[PDB]
Amino acid sequence: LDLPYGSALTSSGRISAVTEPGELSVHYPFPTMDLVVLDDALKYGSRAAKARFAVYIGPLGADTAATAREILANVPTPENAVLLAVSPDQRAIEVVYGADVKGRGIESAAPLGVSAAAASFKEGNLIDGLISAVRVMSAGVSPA
Amino acid sequence: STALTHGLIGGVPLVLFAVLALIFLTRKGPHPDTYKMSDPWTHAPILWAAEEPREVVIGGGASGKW
Amino acid sequence: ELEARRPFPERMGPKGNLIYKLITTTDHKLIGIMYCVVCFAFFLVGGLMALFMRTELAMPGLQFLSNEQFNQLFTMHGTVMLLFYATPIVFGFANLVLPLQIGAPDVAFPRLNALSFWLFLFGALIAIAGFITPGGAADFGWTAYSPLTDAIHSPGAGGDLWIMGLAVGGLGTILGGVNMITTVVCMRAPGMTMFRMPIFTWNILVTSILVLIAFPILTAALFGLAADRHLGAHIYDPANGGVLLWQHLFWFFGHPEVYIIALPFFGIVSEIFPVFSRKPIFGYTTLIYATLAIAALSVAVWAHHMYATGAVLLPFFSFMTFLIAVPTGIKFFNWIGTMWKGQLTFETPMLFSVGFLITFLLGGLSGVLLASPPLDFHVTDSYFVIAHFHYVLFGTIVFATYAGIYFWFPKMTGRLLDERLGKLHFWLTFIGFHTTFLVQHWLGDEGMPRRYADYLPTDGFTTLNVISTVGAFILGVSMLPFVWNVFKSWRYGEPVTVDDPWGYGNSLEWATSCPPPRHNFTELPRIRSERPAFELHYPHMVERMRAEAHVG
Amino acid sequence: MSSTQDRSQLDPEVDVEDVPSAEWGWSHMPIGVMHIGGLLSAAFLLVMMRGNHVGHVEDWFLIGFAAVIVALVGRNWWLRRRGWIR
Amino acid sequence: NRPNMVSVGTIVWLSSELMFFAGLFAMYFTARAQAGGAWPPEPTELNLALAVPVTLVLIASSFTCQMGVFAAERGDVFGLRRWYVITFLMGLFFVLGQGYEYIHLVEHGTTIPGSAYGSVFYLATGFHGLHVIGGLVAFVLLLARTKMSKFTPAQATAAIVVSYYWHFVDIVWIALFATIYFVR
Amino acid sequence: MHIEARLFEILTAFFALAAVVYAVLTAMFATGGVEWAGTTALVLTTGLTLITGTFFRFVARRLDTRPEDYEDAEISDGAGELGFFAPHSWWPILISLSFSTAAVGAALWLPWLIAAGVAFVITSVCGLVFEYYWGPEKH
Amino acid sequence: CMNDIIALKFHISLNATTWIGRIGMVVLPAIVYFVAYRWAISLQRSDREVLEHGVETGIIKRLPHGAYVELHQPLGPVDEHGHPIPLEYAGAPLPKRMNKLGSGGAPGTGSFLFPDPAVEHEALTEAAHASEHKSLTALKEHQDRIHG
Amino acid sequence: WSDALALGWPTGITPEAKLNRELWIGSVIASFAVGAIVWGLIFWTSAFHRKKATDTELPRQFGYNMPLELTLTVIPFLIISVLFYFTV
Ligand code: HEA
Ligand code: HEA
Ligand SMILES: CCCCCCCCCCCCCCCC(=O)O[C@H](COC(=O)CCCCCCC[C@@H](C)CCCCCCCCC)COP(=O)(O)O[C@H]1[C@H](O)[C@H](O)[C@@H](O)[C@@H](O)[C@@H]1O
Ligand SMILES: CCCCCCCCCCCCCC(=O)O[C@H](COC(=O)CCCCCCCCCCC)COP(=O)(O)O
Ligand SMILES: [Ca+2]
Ligand SMILES: [Cu+2]
Ligand SMILES: [Mg+2]
């Protein structure tokens, strides 16, 4: 199919990619320490509530931001999972979860989980809003 | 002289340092600068998720605006 | 087709997954990571002694040291730097990439491979623990000439621990050497013929062969000396012709030893040049012959360390020593031809490997002068020789070692070392080294002998000692950024998620992941040439590689 | 199964991700005991400099060891407070 | 259709152990040069009437060892187990004979601190004698393992490498005997 | 395996030449005798390579071409069964400690420590060799 | 208490031993505590690896496409894909060597130097094997009846 | 001028010392030449042969040159031969 320069499909189906000497591989637009702070929050929140947490940052806005329901179908174990989708191009906040978190407090968690994100999105802060939302949400979902 | 030698041995290393540290550590690295929300979002889609717990039907939702 | 990934990779393990996996392990990859950590820990201990004896060498008077302390200090510096840092660090690089290079899942004998590391560590500890005694450690140099190590002279307990620790280290060395030969001979991948493996593997093989000859003859001599010191065994008596017997026995070891810690670090630069030059290594068949010739020649050249004795056949050891300087030039010219007419970028590995060239050339040039008896009649046993073997030795096990570390850090860990923090280190090292060791030639020339605790004010040579001390303190402070870089970037470093972060990698270790799995491989490419990973990643170059290979 | 091994089933009378067998016995010592223990040990090392000895090598050894202990405790406290470790 | 790597491992190690004895041979030949007349001095006297039978026993041990190896390749665990015991007994005889000669020699005035010839003699023949005891330990260690599990090719490989070691040992002794008792 | 065998006899030839040259050149016009120390070493250095060369020659003539020794062989030719490797063991460190004890005993001339070290070495080697051969407990 | 005997036999100052002990009696226990804690947790983690993947036989496979894997011996039921079903920890020891599971028979009935007739060996092996089956079956039946 | 070329040897007080000094000073020059002609080669390619802005294809992939390798093992051999002669 499509392979970049330096990439080749091996005998096992795995690819072998190549980067230029003075170049990176991930190149996220956020500082490393901020990524660490988000990551460990996402990890310890998920472990406490026994429900997988996810974050999406991209153009999901086609039809009143309803493809998030389709993005949630990509995370491991889609049934026991929570998602938070943010569109900065369209100022859109969405939360969608699988049919296993029902009756565990998520019904009363999303309304203020979106408010926490929006409060910090009123500033120039993006990576702060995601962590704030995750922190306020994961502290209200019962493990059972 | 017992004054020049003691001052020179402990003086030159610390002056050679912090002159080589100003012309190497004061440049931009390969880590991209932070994204501001005053500009259009130009990047591939991001999907982050935890690895806990280790190892279709969707019955909820919410919305917001900013 | 979105994939779920963590915002950042995991920093460290979950509160204990290493302590038990440190004492029961048989993984070659793990053993290598725990082979350099200890080597670099011993480096600092060996260097602190040099700093002490350099501080107490800048002013004519004895300020804070004594004669005995200075003697023990240079003796132990000399021993720790040579036998507990370099000879080991050779084998760290072996069982780190050699199984990956040949396409094997494991070493020949893993449970024997584990024993060598522990023999190393405990032997080193026994030898160093001579400083706890009220007397002190060995105070008779690393050379250990006789009769000065007899029960009559040097009757202390430090010398005994030195002798008995070197033997335990040497057993580990021999057992480690036995393993690499077997692994190379009978562990290869299909299509990986003897003349298709990289240069590093050839160097390690020949080095192991050389070890098998060098070390046993040293252990025998050490047992003979212990016999004299404990039983009164009349072996190295001057009346018995034992003053020269021992020197022959020691120098049959000593020079092959210095060629044990040279060829492996030639391999590293030979592997680094083609990657960053975007061009094949210029001369593959000839480099193997150069290695073989250098190794074979460095057995019959042992009495060029004994000129002032006036008791050796001078012509025999001069001509051959001249001859062992021919293939080295071939290696130099092959490297120059490799880095000729190609795009060069000069990252940290290339910078270190170039520093290696610049240092080693002057080292070798000085080394050739010592080979002529008329010049060694005036130069020997003075700081000129100290200047010599601190260039020829400082290129292979410092510059090439650091080049290898910067090269293979991502492949072993999965993180990238910083660049702005790895150039300050190099420049500090380079400036400090040339500041501290350049003026020693002049010192030795004016008539300053080596192993002198102090000197008189009316000796002439005072300012050069000050310059050397200043340079030595710069060289001692140079190492802070490197250790800081390693500490910081091991768990908060930039993640490499490709199969090769250096792009135009040639060897087979770049045809796996970062780091590789437990058994090193989940697939193998088709072996055709000496650049398998390049042909894996660049299939549109095969016709351009086999047609442009020959210049006329 | 053709093996000899017999599987055991049992029922007798920090979380399991850090300590796998966390519910089989006592597996948590509260932090603060260890910090105060370290500080108190450093104080004891420092106080042993009052005696009848006339040398000073031992004094420097004591000072160095106490400094190392205090540095370790301080680092742990700082990292725990700032949020990098739990 | 492949080389035996446990077999190549032992051969490569045995090459290095031959260079250990190089030191001892060098000491002997160096001390011999400064003889100052009769190389065996006045007090010492070598008795060929006891060094010959013991050498013959050590030579005969190799035949039994090879017979054991031949039995090992066929699957005869009892055949292997039978020759190695007699090999062990003959090796023990060698050791005890050598010790007897030592006791005899010491009483007549040849000691390690007594002379240089005593030094070289005892050093050379005592470093050899340590290897024989190591070989006996290897025999007992291997024979104990043939009873632990079923007789597989790995057991045969172990037997073969042990035989290699024993053969090397007696080949070294032949050289020592020829250079000490004849070339004086 | 002909390349491996040839690499050793090349060195054998060189070492033999060097030893023969050294022995003669010292007998004539060199003070003393033959320089027995250097002559002894070089005639056994040659033997070191000769033993390995002969063994490799025999092995090479016994078995035919392997996947490793074929210029154009496929990866699928090597598929099959490698052999046995020890996954883990804590015995090596015990062996090293035993030897260290014996060495420290020999250094300070404490015969009791030497005896204890030798006993420990024997026990540790016994443990290492018998590791994968102990049967289940008989009850 | 025996610092005067160690200072004589081993070459160390008698003044140095007192200070070594004095400093040690506050430092060494802390190091031992830390190491013991970590070592215990690591031994715990060693048990979770075998209940999940199985006993590592120490055999490498070298698949057709050039992959190296190790053969594992599951301690319980297997899944349709061949990966073992995870087991639960029950506070009991676990095997870690294949020789302790009976991967090795008796060399043969007989003396140390001479064998016995084959029929005797066959009959004795049969009896021993059957006895092992009976004992294991009895334990399993009792364990099954207890937890009903 | 000979002071800055003898690297600070004392001048001899016996004929043999003067002859040895002559040999040494003559050898230092013969070793700086071969050092200069290699330092120049290292410096030349480290300042001219680099990755230019114009990202072209991979360069010429040459790895063997028999005539130059054959004429290179003979040139230092003569130098070491003459040095050996003078040494003797
Ligand atoms: C690999 C080999 C090697 C290396 C790397 C070095 C490195 C150095 N050596 Fe060399 N040296 C030898 C091999 C080596 N040496 C040999 C074989 C002898 C023979 C002497 C004899 O006969 O015995 C010798 C002897 C020798 C002499 C001659 C002394 C004499 O004859 O009187 C001198 C002179 O200054 C010298 C200086 C140095 C210096 C300044 C360094 C600098 O490289 C080193 C400085 C680096 C450091 C100092 C690290 C810094 C440490 C810290 C910052 C503190 C950390 C503290 C703790 C961990 C507790 N050494
Ligand atoms: C550690 C690595 C190492 C290496 C690689 C070498 C390599 C060489 N050494 Fe050695 N040497 C030591 C380590 C090393 N040495 C040590 C530690 C000591 C001191 C031990 C002690 O006594 O304490 C020592 C001492 C020592 C002595 C004894 C000096 C004395 O005690 O007074 C001699 C004398 O012959 C010698 C010569 C050589 C030669 C000719 C080379 C050759 O290998 C180098 C050849 C290199 C070149 C020639 C440059 C490249 C060539 C070209 C670019 C072509 C140019 C052609 C011509 C000039 C003709 N060195
Ligand atoms: C049981 C293990 C315990 C673990 C705890 C570790 C704690 C270690 C603390 C370090 C102790 C420091 C001791 C210092 C207190 C002190 O006083 O020490 C002096 C001399 O310093 C020294 O040597 C320092 C020696 C350092 C020893 C380090 C100890 C580490 C060892 C013990 C660890 C190995 C464990 C054993 C291994 C076994 C198992 C293997 C794993 C002697 O004074 P003195 O002699 O009178 O000096 C006079 C002048 O003053 C005066 O000018 C003049 O010159 C003279 O009058 C002179 O005599
Ligand atoms: C790493 C472990 C090493 C341990 C080695 C153990 C060897 C110690 C044996 C002590 C021998 C004392 C005999 C003696 O002096 O008595 C002397 C006579 O000795 C002999 O002739 C028999 C010696 C046995 C030969 C063994 C040689 C082994 C060489 C080892 C070299 C280190 C008598 O001395 P005298 O005349 O009374 O002063
Ligand atoms: Ca001074
Ligand atoms: Cu030399
Ligand atoms: Mg000298």
# chains A, B, ... in the order shown; residues from 1 in each chain; ligands from 1
>>> closest_atom_pairs(of="chain G", to="ligand 3", cutoff="10 Å", atoms="only C-alpha atoms and all ligand atoms", output="JSON lines")
{"residue": "G:12", "atom": "CA", "partner": "ligand 3", "partner_atom_place_in_ligand_line": "23 (O)", "distance": 7.9}
{"residue": "G:13", "atom": "CA", "partner": "ligand 3", "partner_atom_place_in_ligand_line": "45 (O)", "distance": 5.8}
{"residue": "G:14", "atom": "CA", "partner": "ligand 3", "partner_atom_place_in_ligand_line": "45 (O)", "distance": 7.7}
{"residue": "G:15", "atom": "CA", "partner": "ligand 3", "partner_atom_place_in_ligand_line": "17 (O)", "distance": 5.3}
{"residue": "G:16", "atom": "CA", "partner": "ligand 3", "partner_atom_place_in_ligand_line": "18 (O)", "distance": 4.0}
{"residue": "G:17", "atom": "CA", "partner": "ligand 3", "partner_atom_place_in_ligand_line": "13 (C)", "distance": 7.1}
{"residue": "G:18", "atom": "CA", "partner": "ligand 3", "partner_atom_place_in_ligand_line": "15 (C)", "distance": 7.3}
{"residue": "G:19", "atom": "CA", "partner": "ligand 3", "partner_atom_place_in_ligand_line": "15 (C)", "distance": 4.5}
{"residue": "G:20", "atom": "CA", "partner": "ligand 3", "partner_atom_place_in_ligand_line": "11 (C)", "distance": 4.1}
{"residue": "G:21", "atom": "CA", "partner": "ligand 3", "partner_atom_place_in_ligand_line": "3 (C)", "distance": 6.2}
{"residue": "G:22", "atom": "CA", "partner": "ligand 3", "partner_atom_place_in_ligand_line": "9 (C)", "distance": 8.1}
{"residue": "G:23", "atom": "CA", "partner": "ligand 3", "partner_atom_place_in_ligand_line": "7 (C)", "distance": 5.4}
{"residue": "G:24", "atom": "CA", "partner": "ligand 3", "partner_atom_place_in_ligand_line": "5 (C)", "distance": 3.7}
{"residue": "G:25", "atom": "CA", "partner": "ligand 3", "partner_atom_place_in_ligand_line": "5 (C)", "distance": 7.3}
{"residue": "G:26", "atom": "CA", "partner": "ligand 3", "partner_atom_place_in_ligand_line": "5 (C)", "distance": 8.3}
{"residue": "G:27", "atom": "CA", "partner": "ligand 3", "partner_atom_place_in_ligand_line": "5 (C)", "distance": 6.1}
{"residue": "G:28", "atom": "CA", "partner": "ligand 3", "partner_atom_place_in_ligand_line": "5 (C)", "distance": 5.3}
{"residue": "G:29", "atom": "CA", "partner": "ligand 3", "partner_atom_place_in_ligand_line": "4 (C)", "distance": 9.0}
{"residue": "G:31", "atom": "CA", "partner": "ligand 3", "partner_atom_place_in_ligand_line": "4 (C)", "distance": 9.3}
>>> write_last_selection(atoms="N, CA and C atoms", output="compact mmCIF listing (two decimals), in the first residue's frame")
# COMPACT_ATOMS: atom_id res chain seq x y z
N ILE G 12 43.85 -4.91 59.32
CA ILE G 12 43.03 -3.72 59.43
C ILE G 12 43.28 -3.13 60.82
N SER G 13 43.23 -1.80 60.91
CA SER G 13 43.45 -1.07 62.14
C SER G 13 42.39 -1.44 63.18
N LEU G 14 42.82 -1.55 64.44
CA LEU G 14 41.91 -1.81 65.54
C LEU G 14 41.04 -0.58 65.82
N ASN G 15 41.59 0.62 65.58
CA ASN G 15 40.82 1.85 65.71
C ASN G 15 39.75 1.95 64.62
N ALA G 16 40.06 1.42 63.43
CA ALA G 16 39.17 1.52 62.28
C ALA G 16 37.94 0.63 62.45
N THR G 17 38.11 -0.53 63.09
CA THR G 17 37.03 -1.49 63.27
C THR G 17 35.93 -0.92 64.16
N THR G 18 36.32 -0.18 65.20
CA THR G 18 35.37 0.42 66.13
C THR G 18 34.48 1.41 65.40
N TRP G 19 35.09 2.27 64.57
CA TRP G 19 34.35 3.27 63.82
C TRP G 19 33.49 2.62 62.74
N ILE G 20 34.00 1.55 62.11
CA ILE G 20 33.24 0.81 61.12
C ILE G 20 31.95 0.30 61.76
N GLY G 21 32.08 -0.36 62.92
CA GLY G 21 30.93 -0.91 63.62
C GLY G 21 29.96 0.18 64.08
N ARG G 22 30.53 1.28 64.60
CA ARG G 22 29.75 2.37 65.15
C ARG G 22 28.88 3.02 64.07
N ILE G 23 29.47 3.25 62.89
CA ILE G 23 28.73 3.86 61.80
C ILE G 23 27.76 2.84 61.19
N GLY G 24 28.21 1.58 61.09
CA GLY G 24 27.45 0.50 60.49
C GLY G 24 26.13 0.22 61.21
N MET G 25 26.14 0.33 62.55
CA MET G 25 24.99 -0.04 63.37
C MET G 25 23.80 0.91 63.19
N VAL G 26 23.92 1.87 62.27
CA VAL G 26 22.82 2.76 61.97
C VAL G 26 22.55 2.79 60.46
N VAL G 27 23.54 2.35 59.68
CA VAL G 27 23.49 2.45 58.22
C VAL G 27 23.10 1.11 57.60
N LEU G 28 23.77 0.03 58.01
CA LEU G 28 23.59 -1.28 57.39
C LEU G 28 22.15 -1.79 57.50
N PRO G 29 21.47 -1.72 58.68
CA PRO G 29 20.06 -2.12 58.76
C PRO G 29 19.12 -1.46 57.75
N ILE G 31 19.88 -0.30 54.72
CA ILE G 31 20.18 -0.88 53.42
C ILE G 31 19.55 -2.26 53.32
>>> select_by_dssp(residues="chain B", states="helix (DSSP H, G or I)", output="number ranges by chain")
B: 4-9, 12-16
>>> write_last_selection(atoms="N, CA, C and O atoms", output="short mmCIF file (atom, residue, chain, number, x, y, z; two decimals), in the first residue's frame")
data_model
loop_
_atom_site.label_atom_id
_atom_site.label_comp_id
_atom_site.auth_asym_id
_atom_site.auth_seq_id
_atom_site.Cartn_x
_atom_site.Cartn_y
_atom_site.Cartn_z
N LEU B 4 48.95 32.27 42.90
CA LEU B 4 48.55 32.19 41.51
C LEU B 4 48.10 30.76 41.17
O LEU B 4 47.11 30.59 40.47
N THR B 5 48.86 29.77 41.65
CA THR B 5 48.62 28.38 41.29
C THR B 5 47.28 27.89 41.82
O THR B 5 46.52 27.29 41.06
N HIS B 6 46.98 28.17 43.09
CA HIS B 6 45.74 27.73 43.71
C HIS B 6 44.52 28.39 43.05
O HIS B 6 43.49 27.74 42.85
N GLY B 7 44.67 29.66 42.66
CA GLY B 7 43.59 30.40 42.02
C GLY B 7 43.41 29.98 40.56
O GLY B 7 42.28 29.94 40.06
N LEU B 8 44.51 29.60 39.91
CA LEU B 8 44.48 29.28 38.49
C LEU B 8 43.93 27.87 38.28
O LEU B 8 43.18 27.64 37.34
N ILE B 9 44.26 26.94 39.19
CA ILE B 9 43.87 25.54 39.04
C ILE B 9 42.35 25.42 39.16
O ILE B 9 41.71 24.71 38.40
N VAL B 12 40.39 28.50 36.04
CA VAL B 12 40.31 28.32 34.60
C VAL B 12 39.21 27.32 34.24
O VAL B 12 38.41 27.61 33.36
N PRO B 13 39.12 26.13 34.88
CA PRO B 13 38.05 25.18 34.57
C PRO B 13 36.64 25.76 34.64
O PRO B 13 35.80 25.44 33.80
N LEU B 14 36.38 26.63 35.62
CA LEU B 14 35.06 27.20 35.81
C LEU B 14 34.80 28.36 34.85
O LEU B 14 33.67 28.81 34.76
N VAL B 15 35.84 28.92 34.22
CA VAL B 15 35.69 29.96 33.22
C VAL B 15 35.56 29.33 31.83
O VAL B 15 34.76 29.79 31.02
N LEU B 16 36.33 28.26 31.56
CA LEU B 16 36.14 27.51 30.33
C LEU B 16 34.75 26.87 30.30
O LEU B 16 34.10 26.87 29.26
#
>>> residues_near_ligand(ligand="ligand 4", cutoff="9 Å", atoms="only C-alpha atoms and all ligand atoms", output="NGL selection string")
(:C and (164 or 223-228 or 230-233)) or (:E and (99 or 102-103 or 105-106 or 109-114 or 118-119 or 121-130)) or (:F and (99-100 or 102-107 or 111 or 114-115 or 117-118))
>>> residues_around(residues="stretch 74-76 of chain H", least_positions_apart="4", cutoff="9 Å", atoms="only C-alpha atoms", output="PyMOL selection string")
(chain C and resi 325-326+329) or (chain H and resi 70+80-81)
>>> atom_distance(atom1="atom 13 (C, counted along the ligand's line) of ligand 2", atom2="atom CA of residue C:65")
28.6 Å
>>> interface_residues(of="chain G", to="chain C", cutoff="10 Å", atoms="only C-alpha atoms", output="number ranges by chain")
G: 7, 10-14, 16, 35-46, 60, 62-70
>>> residues_near_ligand(ligand="ligand 6", cutoff="8 Å", atoms="only C-alpha atoms and all ligand atoms", output="ChimeraX atom specification")
/C:251,254-255,301-305
>>> residues_near_ligand(ligand="ligand 2", cutoff="6 Å", atoms="only C-alpha atoms and all ligand atoms", output="MDAnalysis selection string")
(chainID C and resid 258:259 262 304:305 321 325 328:329 361 364:365 367:368 370:371 376 380:381 385 389 392:393) or (chainID H and resid 76 79:80)
>>> residues_around(residues="residue A:66", least_positions_apart="4", cutoff="10 Å", atoms="only C-alpha atoms", output="list in words")
residues 60, 61, 62, 70, 71, 94 and 96 of chain A; 61 of chain B
>>> residues_near_ligand(ligand="ligand 7", cutoff="12 Å", atoms="only C-alpha atoms and all ligand atoms", output="PDB file with N, CA and C atoms, in the first residue's frame")
ATOM      1  N   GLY C 141      54.136  -0.167  41.093  1.00  0.00           N
ATOM      2  CA  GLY C 141      53.758   0.022  39.696  1.00  0.00           C
ATOM      3  C   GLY C 141      52.937  -1.153  39.169  1.00  0.00           C
ATOM      4  N   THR C 143      53.612  -2.583  36.420  1.00  0.00           N
ATOM      5  CA  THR C 143      54.574  -3.420  35.715  1.00  0.00           C
ATOM      6  C   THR C 143      55.088  -4.533  36.628  1.00  0.00           C
ATOM      7  N   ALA C 144      55.350  -4.213  37.903  1.00  0.00           N
ATOM      8  CA  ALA C 144      55.666  -5.170  38.954  1.00  0.00           C
ATOM      9  C   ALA C 144      57.030  -5.824  38.741  1.00  0.00           C
ATOM     10  N   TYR C 145      58.072  -5.021  38.527  1.00  0.00           N
ATOM     11  CA  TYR C 145      59.419  -5.525  38.292  1.00  0.00           C
ATOM     12  C   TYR C 145      60.017  -6.204  39.526  1.00  0.00           C
ATOM     13  N   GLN C 247      60.643 -10.641  33.376  1.00  0.00           N
ATOM     14  CA  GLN C 247      60.370  -9.578  32.419  1.00  0.00           C
ATOM     15  C   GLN C 247      59.923 -10.153  31.073  1.00  0.00           C
ATOM     16  N   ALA C 303      60.114  -7.409  23.373  1.00  0.00           N
ATOM     17  CA  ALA C 303      61.316  -6.911  24.027  1.00  0.00           C
ATOM     18  C   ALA C 303      61.635  -5.463  23.637  1.00  0.00           C
ATOM     19  N   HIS C 304      60.749  -4.802  22.882  1.00  0.00           N
ATOM     20  CA  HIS C 304      60.916  -3.374  22.637  1.00  0.00           C
ATOM     21  C   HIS C 304      60.547  -2.558  23.876  1.00  0.00           C
ATOM     22  N   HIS C 305      59.984  -3.217  24.893  1.00  0.00           N
ATOM     23  CA  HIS C 305      59.808  -2.623  26.213  1.00  0.00           C
ATOM     24  C   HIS C 305      61.068  -2.771  27.068  1.00  0.00           C
ATOM     25  N   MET C 306      62.053  -3.516  26.566  1.00  0.00           N
ATOM     26  CA  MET C 306      63.292  -3.780  27.287  1.00  0.00           C
ATOM     27  C   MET C 306      64.485  -3.419  26.398  1.00  0.00           C
ATOM     28  N   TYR C 307      64.848  -2.128  26.390  1.00  0.00           N
ATOM     29  CA  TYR C 307      65.994  -1.644  25.638  1.00  0.00           C
ATOM     30  C   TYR C 307      67.147  -1.274  26.559  1.00  0.00           C
ATOM     31  N   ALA C 308      66.830  -0.591  27.666  1.00  0.00           N
ATOM     32  CA  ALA C 308      67.830  -0.114  28.615  1.00  0.00           C
ATOM     33  C   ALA C 308      68.491  -1.275  29.364  1.00  0.00           C
ATOM     34  N   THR C 309      67.872  -2.460  29.305  1.00  0.00           N
ATOM     35  CA  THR C 309      68.367  -3.644  29.989  1.00  0.00           C
ATOM     36  C   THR C 309      69.678  -4.117  29.358  1.00  0.00           C
ATOM     37  N   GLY C 310      69.838  -3.836  28.064  1.00  0.00           N
ATOM     38  CA  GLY C 310      71.036  -4.215  27.328  1.00  0.00           C
ATOM     39  C   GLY C 310      71.252  -5.726  27.284  1.00  0.00           C
ATOM     40  N   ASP C 376      65.228   5.522  22.167  1.00  0.00           N
ATOM     41  CA  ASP C 376      64.731   4.985  23.424  1.00  0.00           C
ATOM     42  C   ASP C 376      65.835   4.956  24.485  1.00  0.00           C
ATOM     43  N   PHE C 377      67.102   5.016  24.069  1.00  0.00           N
ATOM     44  CA  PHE C 377      68.214   5.105  25.007  1.00  0.00           C
ATOM     45  C   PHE C 377      68.153   6.391  25.829  1.00  0.00           C
ATOM     46  N   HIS C 378      67.549   7.451  25.271  1.00  0.00           N
ATOM     47  CA  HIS C 378      67.454   8.732  25.951  1.00  0.00           C
ATOM     48  C   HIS C 378      66.035   9.005  26.444  1.00  0.00           C
ATOM     49  N   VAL C 379      65.036   8.393  25.800  1.00  0.00           N
ATOM     50  CA  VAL C 379      63.651   8.777  26.036  1.00  0.00           C
ATOM     51  C   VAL C 379      62.987   7.904  27.107  1.00  0.00           C
ATOM     52  N   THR C 380      63.421   6.648  27.214  1.00  0.00           N
ATOM     53  CA  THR C 380      62.725   5.636  27.996  1.00  0.00           C
ATOM     54  C   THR C 380      62.628   6.034  29.466  1.00  0.00           C
ATOM     55  N   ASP C 381      61.551   5.586  30.112  1.00  0.00           N
ATOM     56  CA  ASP C 381      61.355   5.755  31.546  1.00  0.00           C
ATOM     57  C   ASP C 381      61.365   7.238  31.927  1.00  0.00           C
ATOM     58  N   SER C 382      60.699   8.032  31.097  1.00  0.00           N
ATOM     59  CA  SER C 382      60.491   9.457  31.310  1.00  0.00           C
ATOM     60  C   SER C 382      59.092   9.788  30.798  1.00  0.00           C
ATOM     61  N   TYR C 383      58.661  11.038  31.011  1.00  0.00           N
ATOM     62  CA  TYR C 383      57.301  11.446  30.709  1.00  0.00           C
ATOM     63  C   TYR C 383      57.005  11.497  29.214  1.00  0.00           C
ATOM     64  N   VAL C 385      57.258   8.835  27.257  1.00  0.00           N
ATOM     65  CA  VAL C 385      56.494   7.615  27.055  1.00  0.00           C
ATOM     66  C   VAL C 385      55.095   7.773  27.645  1.00  0.00           C
ATOM     67  N   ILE C 386      54.989   8.493  28.768  1.00  0.00           N
ATOM     68  CA  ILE C 386      53.698   8.732  29.392  1.00  0.00           C
ATOM     69  C   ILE C 386      52.828   9.569  28.457  1.00  0.00           C
ATOM     70  N   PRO C 449      62.154  12.438  34.930  1.00  0.00           N
ATOM     71  CA  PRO C 449      61.798  11.024  34.969  1.00  0.00           C
ATOM     72  C   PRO C 449      60.414  10.781  35.559  1.00  0.00           C
ATOM     73  N   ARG C 450      59.836   9.640  35.184  1.00  0.00           N
ATOM     74  CA  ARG C 450      58.499   9.271  35.616  1.00  0.00           C
ATOM     75  C   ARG C 450      58.560   8.640  37.006  1.00  0.00           C
ATOM     76  N   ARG C 451      57.403   8.634  37.679  1.00  0.00           N
ATOM     77  CA  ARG C 451      57.222   8.039  38.999  1.00  0.00           C
ATOM     78  C   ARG C 451      58.039   8.778  40.056  1.00  0.00           C
TER      79      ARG C 451
END
>>> atom_distance(atom1="atom CA of residue C:511", atom2="atom CA of residue C:499")
6.4 Å
>>> residues_near_ligand(ligand="ligand 5", cutoff="12 Å", atoms="only C-alpha atoms and all ligand atoms", output="PyMOL selection string")
(chain B and resi 2+5-6) or (chain C and resi 52-67+70+452-457+462+465-466+469)
